[PDB]
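Here you get one chain, nothing else, as structure tokens; it is the form deposited in one PDB entry.
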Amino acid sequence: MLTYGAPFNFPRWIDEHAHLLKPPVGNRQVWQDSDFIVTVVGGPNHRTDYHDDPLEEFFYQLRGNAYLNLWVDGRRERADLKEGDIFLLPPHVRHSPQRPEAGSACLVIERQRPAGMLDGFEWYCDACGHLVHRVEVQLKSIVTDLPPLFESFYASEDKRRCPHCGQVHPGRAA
């Protein structure tokens, strides 16, 4: 049986869910309980956290523009996601997506993580570049498992404190 339903028009789905593709929500998963996690992410959203995904991530920037702050080969880099761009990110490449434009929409496709395969979320010092805090997580649900992780970081000056130069990470903003 067609567990995930029949085909449907994508642009229409996006327009009908436009109020969810903006703060405070920002994103929407298309299908529930599937092996492929298919999400549409909108904007605006800026963030400071870097994601360490143990599996690949596919991006297709449908509307608007965005960029990914990355660490590549020990250096900070940027991959620009201009409207119409596609991109495949290898596992473990640290990335922090920035989505400045309202009304933007990006297709992001991931896989469910098997038991034991953990996601990491990291923050780095604006001053010296050292890792400030890393949390690893078994990701079952984005909505429940993720926000409190970000919240405890922002609320603790200890977690935000660089172990190399003592500068305290700004937390939420930058």
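One-based numbering along the sequence shown. The term rigid core refers to the most C-alpha atoms you can superpose between the two forms while keeping them within 1.5 Å.
Heads up, the form deposited in another entry isn't pictured, but that's what we're talking about next.
Undergrad: Determine, with the core as the superposition reference, the one member of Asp33, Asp126, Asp145, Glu136 that shifts its CA by 2 Å or more between the shown form and the other one.
TA: Comparing both forms, the shifted residue turns out to be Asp145.
Undergrad: Determine, after fitting the two forms on their core, whether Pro163 shows a C-alpha shift of 2 Å or more between the shown form and the other one.
TA: No; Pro163 is a residue whose C-alpha shifts by less than 2 Å between the shown form and the other one when the cores are overlaid.
Undergrad: Please check if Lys22 moves between the shown form and the other one, taking a CA shift of 2 Å or more relative to the superposed core as movement.
TA: Shift of 2 Å or more: yes.
Undergrad: Taking the shown form as the reference, report whether the CA atoms of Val25 and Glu16 lie closer or farther apart in that other deposited form; the distance changes by 3 angstroms or more.
TA: Note: Cα gap between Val25 and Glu16 widens in that other deposited form.
Undergrad: Comparing against this form, do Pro24 and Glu16 have their CA atoms pulled together or pushed apart in that other deposited form? The difference is 3 Å or more.
TA: Here the pair is closer than in that other deposited form; there, farther apart.
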